[PDB]
Amino acid sequence: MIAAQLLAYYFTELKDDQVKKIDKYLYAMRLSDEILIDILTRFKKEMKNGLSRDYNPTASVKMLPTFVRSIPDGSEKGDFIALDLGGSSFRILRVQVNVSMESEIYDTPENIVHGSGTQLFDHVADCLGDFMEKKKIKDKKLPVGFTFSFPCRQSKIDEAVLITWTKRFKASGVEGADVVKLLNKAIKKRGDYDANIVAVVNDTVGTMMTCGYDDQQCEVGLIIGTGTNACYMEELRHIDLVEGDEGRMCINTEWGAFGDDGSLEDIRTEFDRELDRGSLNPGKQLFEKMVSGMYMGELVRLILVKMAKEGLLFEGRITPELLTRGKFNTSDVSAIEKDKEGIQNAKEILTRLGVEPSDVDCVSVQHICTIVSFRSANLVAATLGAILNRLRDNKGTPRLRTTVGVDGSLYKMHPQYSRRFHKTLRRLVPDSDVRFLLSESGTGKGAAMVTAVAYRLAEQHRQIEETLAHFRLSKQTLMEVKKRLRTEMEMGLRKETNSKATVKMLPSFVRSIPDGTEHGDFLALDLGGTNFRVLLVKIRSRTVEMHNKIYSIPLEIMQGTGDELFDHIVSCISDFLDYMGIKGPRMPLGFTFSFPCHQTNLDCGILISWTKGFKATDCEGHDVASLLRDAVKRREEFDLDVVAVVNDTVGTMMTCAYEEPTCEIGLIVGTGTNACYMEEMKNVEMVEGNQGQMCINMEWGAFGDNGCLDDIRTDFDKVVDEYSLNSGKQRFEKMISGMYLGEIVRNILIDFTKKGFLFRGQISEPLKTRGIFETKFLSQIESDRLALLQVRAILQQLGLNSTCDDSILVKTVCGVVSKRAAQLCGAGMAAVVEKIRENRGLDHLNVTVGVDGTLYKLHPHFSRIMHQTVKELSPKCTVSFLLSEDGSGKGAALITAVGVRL
Ligand SMILES: O=P(O)(O)OC[C@H]1O[C@@H](O)[C@H](O)[C@@H](O)[C@@H]1O
Ligand SMILES: O=P(O)(O)OC[C@H]1O[C@@H](O)[C@H](O)[C@@H](O)[C@@H]1O
Ligand SMILES: OC[C@H]1O[C@@H](O)[C@H](O)[C@@H](O)[C@@H]1O
Ligand SMILES: OC[C@H]1O[C@@H](O)[C@H](O)[C@@H](O)[C@@H]1O
């Protein structure tokens, strides 16, 4: 063997002399550690820019958010299908989780790849059909995971908008589109089987998930093959594009694009540039074309040519295979760099290229292979180094212990790459005990690991939707609901039908809008809403001076006695008279009693039945005007003239009509809901008389107490009503007013919570607290100006331990309910305007509506949706809504003016 030894010395001798010369020729491809630190530092800056919302729009390193928040924990179970496309092979596996997987490779020729997105996806679908056939699972409904090795935009995990083609693929009409849906079109065109792509993940994510399944220290996913890329677990609080602050989420770096903006124009060489000039994506993936094992061999080829041309190789002799693009590939690079086998391989290959390689040439082309595969390994060490620093920092520790899961041919196959990369890495990041785990099995197993979870969520999101589905009414139902009210309106206005009508159409003896001749000083009560207040209104024919003071009524008095309740009112009145300096002279009062009252004239008003929060005994069936008088007596302090008993709708209508003659309808949407309008007397059957109109206090909150709305009432609606004071009463109102909506939302959440869909399945005392969701908060929650952070805060403020996810669902629930309300109220209001256009027999109506109520006033959407609904439900009308800013008081004064007038 003194021969082999003898030879080896010969080559080293031969080698030595040449190496110096080549190192100086390709000096540009000799990146010092210093430079590598520089590149490591530049990459950091690029990573910070991709995560930053401020800088992300022009950041080359996309730092795309995948929707994976943690590596496998063993909770995963089931048999899935995995599609792997973009690597070196198009495999279709069937993982079943121990983890049992079955792969299959399908050839994807240079016609499908560079073809049409349709052709491509038709190929993917066919192969999938083949697999499922072969495998005998087409019957079984199995979840599909898609390992798509390209840059995509995902908002959810089953969303995957292609940004740009990478590596070898370039099919027309895919970029910009949702690959998932594109895949579905193919499977449906074929209409062979049924498939649900529940997840779409990158191969670095898939590799990371795969390794983490085996090693729980796994936080990175690296790929060095047809293309290079890396992903890692990043803290949510830093992922600006995703709203959350708790936990981490995997970030698909897409580092191949590093340098695309020009950041590596000082590193990149003339060879890298020409390699680019003839590539499928000129100017893109620049960092990748210097590292990847799809660009490597061709890079060596471009160097060989340059030197041969310059007579520095094969005595300047060129051959046409040396010039043909792709004659020299990365496998040639790997072999030529083999330990013992290297030099002869260089020969066997180089002669295949037609140049008569000398022993010198073989020794040179091997060194040329080292500089190029080494620059590659050093560049990945640098950028991975940065990811490692970023991880260390996120940990706050000065030392890092993590695991990077690798995969990829160049790494897995080149004889010098792996260790050179390793050594260089740890010299750059000496502050870490980085391990590397090679995904021996491939990406599929990890994608199944993602698909298992994506599926689970997709499943629970489906049940939630089976719930909310109910608070979503079709225009056709809003149309019937409208038609249903109109029938009811007829039943209370008509003699015979009246006693049966649930929507009683109460005659308020207000026969006209302010005639501008009103004058005087009137006292006025406003009871029923949220704030009970006593007012003094000084009208003068034309000027209205107002004054008021809120007097709170305890829940106890409010639900006390007819006496306790009414004695309390008089005392407040007593105080107000003092407060005003009006005490003494008997004054004309206008009682705004916001409740169902049977009147036969202004000055009387028998409480038909309490609604909302009042439940004071011995009050129903009595003339409230009368009760007010007895209370004044028992007191024996002052006296007053109970001139009128008006409802708040009527009062609101007048307050607005005073300024706007066109206002003939009054709407209230606050603690409770109701409306009123100027009905033609010809129709007011309950009241004898034939001329003019009469304001009908449509007690619409009862619409449905007979059952005509029982097709749209949900089991949640039943509950609220069941747990209320007036159980079975005020249904239409119970699904619209601010005293009820919160309770609907609260019972849904309790439901979702029991299902584990929310607040981690635990029903907190606050969750069980009635009225926890006030009009003040619903309005806030449902606000768009409010960030998610803020919505989460309110909910935490309410005492509920919400997460950002809870904060989203809660927010969703509130919108389904308030929308349904704004819609239902719009249907009723729509009916009212038909009857007005029809009663006055006109082709087209222009009427104004006076509105008041905290919900209508505070809520961000209600009014807006409601306005649209009335518009779309009743096209022959142009309803205008006027917000009442002076309360029912002013209007109640104008009523007592004319009320005192007789
Ligand atoms: O370019 P490659 O050698 O195919 O490397 C990338 C590919 O590696 C395979 O082992 C994985 O299963 C694929 O999910 C990945 O896309
Ligand atoms: O529930 P609320 O906010 O009190 O809405 C209804 C109330 O609105 C006030 O503005 C009116 O002055 C009251 O007469 C009415 O009863
Ligand atoms: O296949 C490995 C990687 O190659 C890159 O060039 C692609 O852009 C990545 O999306 C992919 O993860
Ligand atoms: O407060 C607005 C409405 O609330 C309902 O609960 C009452 O029954 C109505 O009479 C009133 O108009």
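Q: Can you help me understand the UniProt feature "binding site: D-glucose 2" in the protein in this one?
A: In the UniProt entry, the feature "binding site: D-glucose 2" is given for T611, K612, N647, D648, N674, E699 and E733. Topologically, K612 is positioned in the loop between β21 (606-607) and α20 (624-635). Among the polar contacts listed, one links the side chain of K612 to the backbone oxygen of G528, at a separation of 3.2 Å. Positionally, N674 belongs in strand β24 (residues 673-680). Those residues in contact with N674 that sit more than four places away from it in its chain are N647, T649, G666, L667, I668, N697, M698, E699, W700 and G701. Looking at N674, its side chain comes within polar contact range of the side chain of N697, at 2.7 Å.

Q: Help me understand the sheet that holds strand β1 (residues 64-65), please; the structure alone is not making it clear to me.
A: Hydrogen bonding along the main chain pairs the strands of a sheet, whether they run parallel or antiparallel. Ordered in space as β1-β12-β11-β10-β13-β14, the six strands form an open sheet in which the pairing is mixed. In the strand order of this sheet, the two ends are held by β1 and β14 (435-438), each with one partner. Examined bridge by bridge, strand β10 (residues 218-224) and strand β11 (residues 228-235) share five bridges and lie antiparallel to one another. Looking at the pairing, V220 lines up with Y232 of β11. Across the sheet, helix α5 (residues 203-214) is in contact with β10, β11, β12 (248-252), β13 (403-407) and β14; its angle to β10 comes to roughly 130°.

Q: Help me understand the site of ligand 2, please; the structure alone is not making it clear to me.
A: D526, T530, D648, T671 and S888 are the nearest of the 13 residues found near ligand 2. Between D526 and ligand 2, the recorded distance is 2.6 Å, taken from a side-chain N or O atom to an oxygen atom. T530 has a polar backbone atom sitting 2.6 Å from an oxygen atom of ligand 2. Relative to its free-state accessible area of 390 Å², ligand 2 is covered by the protein chains to the extent of 88%. Shared between two domains, the shell around ligand 2 holds at least three residues of each, these being domain 3 (475-506 + 662-883) and domain 4 (507-661 + 885-900).

Q: Mind showing me how you'd approach the site of ligand 4 here?
A: For ligand 4, the set of nearby residues contains 13 residues, the closest of which are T611, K612, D648, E699 and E733. Here an oxygen atom of ligand 4 sits 3.0 Å away from a polar atom, N or O, in the side chain of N647. Contacts to ligand 4 include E699, whose side-chain N or O atom sits 2.8 Å from an oxygen atom. Protein chains shield 99% of the accessible area of ligand 4, which is 310 Å² for the free molecule. A per-class count over the shell around ligand 4 returns three nonpolar, six polar and four charged. Taken domain by domain, the makeup of the shell around ligand 4 includes at least three residues from each of domain 3 (475-506 + 662-883) and domain 4 (507-661 + 885-900).

Q: Please clarify how the UniProt feature "binding site: D-glucose 6-phosphate 1" in the protein should be interpreted in this entry.
A: The UniProt record annotates "binding site: D-glucose 6-phosphate 1" at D84, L85, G86, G87, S88, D203, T226, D407, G408, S409 and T443. By relative accessible area, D84 is classed as buried at 7%. When near neighbours in sequence (up to four residues on either side) are disregarded, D84 contacts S89, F90, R91, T147, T443 and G444. Assessed through its relative accessible area of 13%, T226 is described here as buried. Not counting the four nearest positions on each side in its chain, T226 is found in contact with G87, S88, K167, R168, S292, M294 and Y295.

Q: Would you mind showing me how to read unusual backbone geometry here?
A: Excluding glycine, residues mostly carry a negative phi; peptide bonds, for their part, are mostly trans. In this model, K167 sits at a positive phi of 65°, which is unusual for a non-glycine residue. One can find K167 in the loop between β8 (161-162) and α4 (179-190). Taking the relative accessible area as the measure of exposure, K167 reaches 6% and is therefore buried. With a phi close to 60°, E636 is a non-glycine residue in the positive phi region. Position of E636 relative to the elements: it lies in the loop between α20 and β22 (640-646).

Q: Teacher, can you tell me more about the sheet that holds strand β26 (residues 848-852) here?
A: If you walk across this open sheet you meet the six strands as β15-β25-β24-β23-β26-β27, and the pairing is mixed. The sheet is open, and its two borders are formed by β15 (505-507) and β27 (880-883), each paired with just one other strand. Across the sheet, the mean angle from the axis of one strand to that of its neighbour is 30°, orientation sign disregarded. The sheet contact formed by strand β23 (residues 663-669) and β24 spans five bridges and is antiparallel. Note that in β24 the partner of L667 across the bridge is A675. Strand contacts of helix α21 (residues 648-657): β23, β24, β25 (693-698), β26 and β27, with the helix running at about 130° to β23, the strand carrying the most contacts.

Q: Just to check I follow, could you spell out the pairing of β12 for this structure?
A: It is a general feature of regular strands that their side chains alternate between the two faces of the sheet. Among the five residues that make up β12, four are buried, leaving the element largely enclosed by the rest of the structure. With two bridges joining them, β1 and β12 adopt antiparallel strand pairing. Within β12, the residue paired with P65 across the bridge is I251. Alignment of β11 against β12, held across five bridges, turns out to be antiparallel. When the bridges of β12 are listed, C231 appears paired with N252.

Q: Any chance you could explain the environment of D433 here in plain terms?
A: Mapped onto the elements of the fold, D433 is located in the loop between α14 (417-428) and β14. Under the relative-accessibility criterion, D433 is labelled partly exposed at 34%. When the C-alpha positions of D433 and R399 are compared, they lie 8.0 Å apart, and in sequence the two are 34 residues distant. Among residues more than four places away in sequence, those in contact with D433 are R399, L400, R401 and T402. Only 3.2 Å separates the side chain of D433 from the side chain of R399, close enough to count as a polar contact. A polar contact is formed between the side chain of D433 and the side chain of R401, at a distance of 2.9 Å.

What counts, and at which threshold
Residues numbered from 1 in each chain as written, not as in the entry; some residues may be left out. Chains lettered and ligands numbered in written order. Heavy atoms only, no water. Residues with missing side-chain atoms left out of burial classes, pairs and counts. UniProt positions renumbered as here; feature names shortened; annotations may be inferred. Helix = DSSP H or I, 4+ residues; strand = E, 2+ residues; numbered from the N terminus. Polar contact = N/O pair within 3.5 Å; in protein donor to acceptor, adjacent residues only side chain to side chain. Contact = heavy atoms within 4.5 Å. Pairing = 2+ DSSP bridges. Axes fitted to C-alpha atoms, helices over the stretch in contact; angles between N-to-C directions. Near = heavy atom within 4 Å. Areas by Shrake-Rupley, 256 points an atom, 1.4 Å probe, with all protein chains shown as cover. Domains from an automatic or database assignment. Nonpolar A, V, L, I, M, F, W, Y, C, P; charged D, E, K, R; others polar. Buried < 20%, exposed > 50% of the residue type's maximum accessible area, 1.4 Å probe, protein only.

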